[PDB]
Amino acid sequence: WXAXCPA
Amino acid sequence: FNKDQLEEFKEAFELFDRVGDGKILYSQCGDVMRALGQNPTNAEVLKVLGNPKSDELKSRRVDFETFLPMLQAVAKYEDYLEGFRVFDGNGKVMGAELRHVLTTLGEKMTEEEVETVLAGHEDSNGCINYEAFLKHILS
Amino acid sequence: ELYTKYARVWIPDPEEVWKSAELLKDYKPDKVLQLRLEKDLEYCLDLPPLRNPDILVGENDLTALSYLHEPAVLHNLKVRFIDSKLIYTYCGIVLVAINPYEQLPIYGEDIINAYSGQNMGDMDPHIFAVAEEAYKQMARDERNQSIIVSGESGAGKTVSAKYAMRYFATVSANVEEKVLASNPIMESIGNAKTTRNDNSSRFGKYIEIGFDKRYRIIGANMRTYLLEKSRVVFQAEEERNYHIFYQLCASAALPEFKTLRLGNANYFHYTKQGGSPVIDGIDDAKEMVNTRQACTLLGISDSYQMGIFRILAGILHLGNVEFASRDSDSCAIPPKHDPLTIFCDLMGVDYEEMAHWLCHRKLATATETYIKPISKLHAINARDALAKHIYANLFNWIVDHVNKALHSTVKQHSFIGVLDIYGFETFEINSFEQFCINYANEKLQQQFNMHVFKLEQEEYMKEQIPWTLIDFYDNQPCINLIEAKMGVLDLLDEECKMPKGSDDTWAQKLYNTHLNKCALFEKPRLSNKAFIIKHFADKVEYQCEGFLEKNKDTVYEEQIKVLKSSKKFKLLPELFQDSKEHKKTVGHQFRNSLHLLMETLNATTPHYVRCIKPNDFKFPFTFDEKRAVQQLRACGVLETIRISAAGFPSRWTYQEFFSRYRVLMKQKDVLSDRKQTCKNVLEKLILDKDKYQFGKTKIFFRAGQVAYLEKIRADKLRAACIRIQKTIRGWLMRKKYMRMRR
Amino acid sequence: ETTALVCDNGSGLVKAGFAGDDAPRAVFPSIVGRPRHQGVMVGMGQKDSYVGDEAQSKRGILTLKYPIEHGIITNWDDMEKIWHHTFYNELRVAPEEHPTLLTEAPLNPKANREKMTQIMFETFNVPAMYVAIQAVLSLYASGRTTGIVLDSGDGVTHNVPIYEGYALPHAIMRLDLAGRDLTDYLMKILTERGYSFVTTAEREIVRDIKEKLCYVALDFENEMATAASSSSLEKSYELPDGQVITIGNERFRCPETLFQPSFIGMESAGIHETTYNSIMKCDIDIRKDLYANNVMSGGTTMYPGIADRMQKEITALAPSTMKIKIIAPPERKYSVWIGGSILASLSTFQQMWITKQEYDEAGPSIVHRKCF
Ligand SMILES: Nc1ncnc2c1ncn2[C@@H]1O[C@H](COP(=O)(O)OP(=O)(O)NP(=O)(O)O)[C@@H](O)[C@H]1O
Ligand SMILES: Nc1ncnc2c1ncn2[C@@H]1O[C@H](COP(=O)(O)OP(=O)(O)O)[C@@H](O)[C@H]1O
Ligand SMILES: [Mg+2]
Ligand SMILES: [Mg+2]
Ligand SMILES: [Mg+2]
């Protein structure tokens, strides 16, 4: 993603 | 009308009086007007009579004195020719066609009236010289 | 004004759609009118149509009338039919033709020779005048020619085409008999009892007569269009299925049809639903003999005839296959099921391959395929779509065998082709069938109005009058309502795909899309299930309630592929012999077939015939003034006449005009130049050129003006006549006065 | 005439085809390989990168990237290669001639739509396009206007309730659990039985083991007692080199982590209890109908027994007096494509497309206001 997760 | 005219008209009127009471019927009034040289239409005659009903037109009687104002009121060539030229262009008119139109259009006449007026004026082909017939009926 | 003492009017009445009345006393521009009949009436307004002057009635041309409106047309046809016993009448380009229900001498070959090679105006109207004037066009133009015949079944269309063909055979063969011999089979497969009529033809039928460069008859091709496939599986009350199923059920006692295990006409679900298996006025048992005899005259072998009846009994049995819904999402066939057992025995397919495929559908994917179940509605829909697909292929096959019989080997140089098609249709209840039939009639009436406008532009150039005064009244907006995308058919094909589509949500899509966006779509005041379309002929109301179960064809390829496998008999695979089409709806198949038809007619410059059925009980030479007014509306003749009421319907040669109206001329005007004389006279008499055009050879009048001339002519003639007769009667009374003196 | 393309980017499989087809005809894994070894032979035609089934064939020598992780496109240059491969090589169709319909999971970044539109219009010059929510298409695919769609493929899981064609955007749930993370767990439990798969080529082997052998236990605790107390449950599989491997309780134990995400270490409840917690966010009038239709979609819902396990424990959570009905057609792996196939072939949909004019006029922002 961009924050709370890797993608 | 002068006194002489009134006397001649009264004498003529009395000749048409077939009952002796000095009167004619309303239905004879038109005939008397035509006999005195007027050529009123049936519509004009009924109009000057006051649009009488059948019963009084055929049986109500008026003397000469009451008839006279009506004759006065009714009394007061190129068109006739053009009218005949309507039915023409060799200057003739079929006797059959004039008979048909006079007995079937307008103020329709009887075949006997038409035969009477047309007698001697049509030739062997059945053609009417309308200038001569017109002069004849205008004479 | 136009009303006076001695004027006549048409007024509406119960017994006959208009009655004559006279104006008992002249109208004045008040709410009240004094009327005389045939007596006493007083009538009001909140104007009555005027009557035509009495020379022009019965002219054998309806556009020559100087007032053009429903009661003048009706009166002209009524007098020509009853008094003259003339049954053909020109209206504009059209030949209106009235079924006498009685034979007439006039078709004999001497009269053919009389019509032969003469132009239409030279001779009184007759069907031969149309055939002739096609023939000379085919020669002169080097372009194919068409003849188009419209009207209710029973109106004579088949016999009008018959004589139109006999004309060609006599001017230029075996075709006439060989074609005539086709009619009993194509009636049997293609005609139905309908609530208003028996033997309504449910398809377009097109014959092509081929000619060599020597224009002698080669032979004939036959084509068909617009077949009403929905009828095979569903009927409204007091309708039958196509005749052949009943003729076949009546035959069931005969020795061959024993093999079929046919029941009675109300045992099969496709026959049962109508309510009304037996037509009185027919026996179906006989008609089968006519059908088989015409098969044999057309050389369908006694083997193939029994094949055909095998297939038809197959369809009838197929409809009795009765799924049990076993779950909400799944259905099955209850074991050892007798309708299916008999269908398989009839067809050779294995019992269980069908029993499986009727209830399941299959999906193909790369490396993968799924069999999956279907719900009982979808099973019943797919079964019915199979029955429709069999029937439509069978019908196309039989037509292609008749074409084998009728073709002749020498190449067609050019052809004359004759289209029998159903006219515009309306019943109290209107449904997807009538929606198709009326949309087709809208397309034809477009192509007619286009061709008539072209011919007007030509005749105007022939007289060198500006085109500008013509206008082209164009039904195209109604076609773009019905057929175009975001149209009634397009939203109907949409509501098939949509999940939980229904007629109730289809209606709401109609009202949302069109209700006040278009001038021609209207909602019926008190209902939300129905809708209204203003067609060219009339406003018509359709119910939504049926259309979706009628529009749904889709056929699962597996069930066809099961039938294709069967090798008990040859006809069955032979039908299929020639992928997107399996997913088309009925409305889309119709819209395609109508384009094939219009592609055919647009090539081929048409001539038109309209057949009307003047009385309901087939009494010979009787006429009924409300029955005809219906059919003359449904044929669009009355709109065509209104269209010609706009424009300049009355056309006079200067010679005829001068001859008729010398009485209006005065000789001070009249010249050695007749045409200038007439121009001057008309410039006196009517104070608008706007009401008429002068041309090279003709005077074109706007609709009323000739009746105005006839009025002023009659009034002038009457005035002169009165003056003559009064003058004579005066002279005769002077003479009778001399008689009185005597 | 002209027919819309319908394309689903998914994660893992791409599946693509024409509107009104029965099923997709392009299907291939959305995977991009690059060669990582030193190339010895001079002239064998070596490419820079392989795409789809070509990379699946040669994967011995390749690193494999998945360009989509949890429905987000993480790598855009490698995504353009997959679309390029779909239109030119797999469907063999010029993309200018055809409107395209594209599929996306809800509640994901808006830059994903801005970019996906910018690429569609500017590189392909596709004349018109649309982007559709994956869950919504499953109802078109199954013939319903009402239901709660539970959809899980690779990557994202989501629930979307729909009541007669109205979405309920406050009640949408999304979960990152499904599909890939099941595999990354299964590798660790297999390591517990002494087999070790350490590389992306080996991951595809494990993913095939998962597809063949895993199944969902109706009662998890009894089956772990069964496997511990018995041999009967244990089943053996053959690696591509002909070694054979034997897998017991691990095969049911792997898809159990859908119902108890604590195993991998997430906080959230399993799919049954985000389904129930989704229905509870809807107003009381409609729960009667959402309980009556539950639609399962995408391939991670195809483990044997998952439908029963769902119906059983939701019937444990729900009030006692209701039909709980789980609708799981065998076709369901393709439902989001079949639904897009229907949607693109409606007539009413023809106004809906973003058309190239409107992107030229208003730029990528337009996607948000026209599309859902
Ligand atoms: N011009 C005509 N001359 C003679 N009889 C005619 C004519 N037009 C129709 N008929 C009669 O119409 C009757 C029934 O209609 P028919 O002529 O058979 O047309 P049809 O075969 O029913 N074609 P269709 O209108 O589709 O039903 C026949 O008995 C004919 O005698
Ligand atoms: N028969 C099966 N049983 C269990 N899991 C499967 C099966 N087939 C595919 N899968 C898994 O489902 C995932 C693909 O789901 P899919 O709907 O194709 O995802 P997407 O919609 O993102 O393409 C893959 O991880 C695949 O391993
Ligand atoms: Mg017929
Ligand atoms: Mg007949
Ligand atoms: Mg998916």
# chains A, B, ... in the order shown; residues from 1 in each chain; ligands from 1
>>> residues_around(residues="residue 21 of chain B", least_positions_apart="2", cutoff="10 Å", atoms="only C-alpha atoms", output="list in words")
residues 14, 17, 18, 19, 23, 24, 61, 62 and 63 of chain B
>>> write_last_selection(atoms="C-alpha atoms", output="compact mmCIF listing (two decimals), in the first residue's frame")
# COMPACT_ATOMS: atom_id res chain seq x y z
CA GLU B 14 -111.92 40.89 -64.67
CA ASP B 17 -112.12 36.42 -62.85
CA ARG B 18 -113.73 33.02 -63.42
CA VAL B 19 -116.20 33.31 -60.51
CA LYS B 23 -111.50 38.83 -57.64
CA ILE B 24 -108.65 36.53 -58.56
CA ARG B 61 -109.41 35.95 -52.75
CA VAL B 62 -108.39 39.58 -53.29
CA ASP B 63 -110.01 42.16 -55.55
>>> residues_around(residues="residue 315 of chain C", least_positions_apart="5", cutoff="9 Å", atoms="only C-alpha atoms", output="JSON, numbers by chain")
{"C": [270, 310, 343, 386, 387, 388, 390, 391]}
>>> write_last_selection(atoms="N, CA, C and O atoms", output="PDB file, in the first residue's frame")
ATOM      1  N   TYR C 270     -48.813 -27.839 -26.830  1.00  0.00           N
ATOM      2  CA  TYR C 270     -48.764 -26.783 -27.845  1.00  0.00           C
ATOM      3  C   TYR C 270     -50.069 -26.579 -28.601  1.00  0.00           C
ATOM      4  O   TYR C 270     -50.341 -25.464 -29.053  1.00  0.00           O
ATOM      5  N   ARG C 310     -42.953 -37.149 -38.967  1.00  0.00           N
ATOM      6  CA  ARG C 310     -42.186 -37.576 -37.799  1.00  0.00           C
ATOM      7  C   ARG C 310     -41.711 -36.377 -37.001  1.00  0.00           C
ATOM      8  O   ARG C 310     -41.846 -36.341 -35.778  1.00  0.00           O
ATOM      9  N   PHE C 343     -40.654 -39.193 -27.568  1.00  0.00           N
ATOM     10  CA  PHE C 343     -39.840 -38.301 -28.392  1.00  0.00           C
ATOM     11  C   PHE C 343     -38.539 -38.958 -28.831  1.00  0.00           C
ATOM     12  O   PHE C 343     -38.144 -38.861 -30.002  1.00  0.00           O
ATOM     13  N   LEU C 386     -36.017 -24.832 -28.367  1.00  0.00           N
ATOM     14  CA  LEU C 386     -35.706 -25.937 -29.264  1.00  0.00           C
ATOM     15  C   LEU C 386     -36.864 -26.220 -30.204  1.00  0.00           C
ATOM     16  O   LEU C 386     -36.655 -26.493 -31.391  1.00  0.00           O
ATOM     17  N   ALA C 387     -38.087 -26.214 -29.683  1.00  0.00           N
ATOM     18  CA  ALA C 387     -39.241 -26.462 -30.540  1.00  0.00           C
ATOM     19  C   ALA C 387     -39.370 -25.402 -31.630  1.00  0.00           C
ATOM     20  O   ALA C 387     -39.572 -25.728 -32.808  1.00  0.00           O
ATOM     21  N   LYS C 388     -39.180 -24.132 -31.271  1.00  0.00           N
ATOM     22  CA  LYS C 388     -39.140 -23.074 -32.278  1.00  0.00           C
ATOM     23  C   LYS C 388     -38.003 -23.249 -33.274  1.00  0.00           C
ATOM     24  O   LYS C 388     -38.171 -22.943 -34.461  1.00  0.00           O
ATOM     25  N   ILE C 390     -36.425 -26.107 -34.288  1.00  0.00           N
ATOM     26  CA  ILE C 390     -36.822 -27.177 -35.192  1.00  0.00           C
ATOM     27  C   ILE C 390     -37.814 -26.658 -36.215  1.00  0.00           C
ATOM     28  O   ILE C 390     -37.646 -26.874 -37.418  1.00  0.00           O
ATOM     29  N   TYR C 391     -38.902 -26.037 -35.757  1.00  0.00           N
ATOM     30  CA  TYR C 391     -39.923 -25.599 -36.704  1.00  0.00           C
ATOM     31  C   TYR C 391     -39.384 -24.630 -37.745  1.00  0.00           C
ATOM     32  O   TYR C 391     -39.694 -24.756 -38.932  1.00  0.00           O
TER      33      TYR C 391
END
>>> residues_near_ligand(ligand="ligand 2", cutoff="6 Å", atoms="only C-alpha atoms and all ligand atoms", output="number ranges by chain")
D: 10-14, 153-154, 179-180, 207, 211, 298-300, 302-303, 333
>>> residues_around(residues="residue 296 of chain D", least_positions_apart="6", cutoff="9 Å", atoms="only C-alpha atoms", output="PyMOL selection string")
chain D and resi 138+148-152+302+307+326-329+332
>>> write_last_selection(atoms="N, CA, C and O atoms", output="PDB file, in the first residue's frame")
ATOM      1  N   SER D 138     -20.606 -10.126  -9.502  1.00  0.00           N
ATOM      2  CA  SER D 138     -20.988 -11.495  -9.180  1.00  0.00           C
ATOM      3  C   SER D 138     -22.494 -11.679  -9.088  1.00  0.00           C
ATOM      4  O   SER D 138     -22.993 -12.787  -9.329  1.00  0.00           O
ATOM      5  N   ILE D 148     -25.535 -10.670  -0.245  1.00  0.00           N
ATOM      6  CA  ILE D 148     -24.229 -10.240   0.221  1.00  0.00           C
ATOM      7  C   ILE D 148     -23.199 -11.105  -0.481  1.00  0.00           C
ATOM      8  O   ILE D 148     -23.158 -12.326  -0.300  1.00  0.00           O
ATOM      9  N   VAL D 149     -22.381 -10.484  -1.313  1.00  0.00           N
ATOM     10  CA  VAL D 149     -21.381 -11.208  -2.078  1.00  0.00           C
ATOM     11  C   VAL D 149     -20.140 -11.340  -1.217  1.00  0.00           C
ATOM     12  O   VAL D 149     -19.542 -10.337  -0.823  1.00  0.00           O
ATOM     13  N   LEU D 150     -19.745 -12.569  -0.934  1.00  0.00           N
ATOM     14  CA  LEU D 150     -18.439 -12.844  -0.362  1.00  0.00           C
ATOM     15  C   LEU D 150     -17.537 -13.261  -1.500  1.00  0.00           C
ATOM     16  O   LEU D 150     -17.781 -14.275  -2.155  1.00  0.00           O
ATOM     17  N   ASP D 151     -16.501 -12.479  -1.732  1.00  0.00           N
ATOM     18  CA  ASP D 151     -15.630 -12.671  -2.869  1.00  0.00           C
ATOM     19  C   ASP D 151     -14.203 -12.703  -2.369  1.00  0.00           C
ATOM     20  O   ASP D 151     -13.763 -11.764  -1.703  1.00  0.00           O
ATOM     21  N   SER D 152     -13.477 -13.756  -2.708  1.00  0.00           N
ATOM     22  CA  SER D 152     -12.068 -13.824  -2.377  1.00  0.00           C
ATOM     23  C   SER D 152     -11.369 -14.511  -3.521  1.00  0.00           C
ATOM     24  O   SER D 152     -11.730 -15.629  -3.887  1.00  0.00           O
ATOM     25  N   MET D 302     -13.251 -22.076  -3.419  1.00  0.00           N
ATOM     26  CA  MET D 302     -13.536 -23.370  -4.017  1.00  0.00           C
ATOM     27  C   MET D 302     -12.980 -24.556  -3.250  1.00  0.00           C
ATOM     28  O   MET D 302     -13.093 -25.681  -3.738  1.00  0.00           O
ATOM     29  N   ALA D 307     -18.392 -24.158   1.686  1.00  0.00           N
ATOM     30  CA  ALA D 307     -19.785 -23.727   1.721  1.00  0.00           C
ATOM     31  C   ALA D 307     -20.513 -24.271   2.941  1.00  0.00           C
ATOM     32  O   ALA D 307     -21.215 -23.533   3.642  1.00  0.00           O
ATOM     33  N   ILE D 326     -26.375 -20.534   1.473  1.00  0.00           N
ATOM     34  CA  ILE D 326     -25.103 -20.204   0.850  1.00  0.00           C
ATOM     35  C   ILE D 326     -25.180 -20.699  -0.578  1.00  0.00           C
ATOM     36  O   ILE D 326     -25.477 -21.873  -0.815  1.00  0.00           O
ATOM     37  N   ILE D 327     -24.912 -19.819  -1.524  1.00  0.00           N
ATOM     38  CA  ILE D 327     -25.116 -20.114  -2.930  1.00  0.00           C
ATOM     39  C   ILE D 327     -23.761 -20.100  -3.603  1.00  0.00           C
ATOM     40  O   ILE D 327     -23.158 -19.037  -3.779  1.00  0.00           O
ATOM     41  N   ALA D 328     -23.291 -21.270  -4.007  1.00  0.00           N
ATOM     42  CA  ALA D 328     -21.918 -21.443  -4.465  1.00  0.00           C
ATOM     43  C   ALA D 328     -21.931 -22.273  -5.731  1.00  0.00           C
ATOM     44  O   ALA D 328     -21.749 -23.493  -5.698  1.00  0.00           O
ATOM     45  N   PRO D 329     -22.185 -21.643  -6.876  1.00  0.00           N
ATOM     46  CA  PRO D 329     -22.264 -22.401  -8.113  1.00  0.00           C
ATOM     47  C   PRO D 329     -20.895 -22.925  -8.501  1.00  0.00           C
ATOM     48  O   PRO D 329     -19.867 -22.305  -8.183  1.00  0.00           O
ATOM     49  N   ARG D 332     -18.249 -20.665 -10.078  1.00  0.00           N
ATOM     50  CA  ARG D 332     -17.983 -19.413  -9.370  1.00  0.00           C
ATOM     51  C   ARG D 332     -16.595 -18.829  -9.592  1.00  0.00           C
ATOM     52  O   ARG D 332     -16.415 -17.626  -9.403  1.00  0.00           O
TER      53      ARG D 332
END
>>> atom_distance(atom1="atom CA of residue 739 of chain C", atom2="atom CA of residue 120 of chain B")
19.5 Å
>>> residues_near_ligand(ligand="ligand 1", cutoff="10 Å", atoms="only C-alpha atoms and all ligand atoms", output="PyMOL selection string")
chain C and resi 87-88+97-107+126-127+149-163+183-184+187+191+197-203+205+420-422+611-613+618+620
>>> interface_residues(of="chain C", to="chain D", cutoff="10 Å", atoms="only C-alpha atoms", output="PyMOL selection string")
chain C and resi 329+362-367+369-373+485-487+490-501+509+513+580+583
>>> residues_around(residues="residue 5 of chain A", least_positions_apart="5", cutoff="12 Å", atoms="only C-alpha atoms", output="VMD selection string")
chain D and resid 69 to 70 72 176 266
>>> write_last_selection(atoms="N, CA and C atoms", output="PDB file, in the first residue's frame")
ATOM      1  N   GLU D  69      -0.317  -6.939  -5.984  1.00  0.00           N
ATOM      2  CA  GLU D  69      -0.360  -7.546  -4.670  1.00  0.00           C
ATOM      3  C   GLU D  69      -1.453  -6.928  -3.819  1.00  0.00           C
ATOM      4  N   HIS D  70      -2.449  -7.729  -3.459  1.00  0.00           N
ATOM      5  CA  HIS D  70      -3.610  -7.268  -2.734  1.00  0.00           C
ATOM      6  C   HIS D  70      -4.367  -6.243  -3.544  1.00  0.00           C
ATOM      7  N   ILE D  72      -3.806  -4.005  -5.337  1.00  0.00           N
ATOM      8  CA  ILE D  72      -3.072  -2.817  -5.747  1.00  0.00           C
ATOM      9  C   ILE D  72      -2.067  -3.205  -6.816  1.00  0.00           C
ATOM     10  N   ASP D 176      -7.395  -8.524   3.880  1.00  0.00           N
ATOM     11  CA  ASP D 176      -6.224  -8.811   3.066  1.00  0.00           C
ATOM     12  C   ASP D 176      -5.816 -10.277   3.082  1.00  0.00           C
ATOM     13  N   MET D 266      -2.945 -12.112  11.865  1.00  0.00           N
ATOM     14  CA  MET D 266      -3.832 -10.971  11.748  1.00  0.00           C
ATOM     15  C   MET D 266      -4.733 -10.860  12.972  1.00  0.00           C
TER      16      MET D 266
END
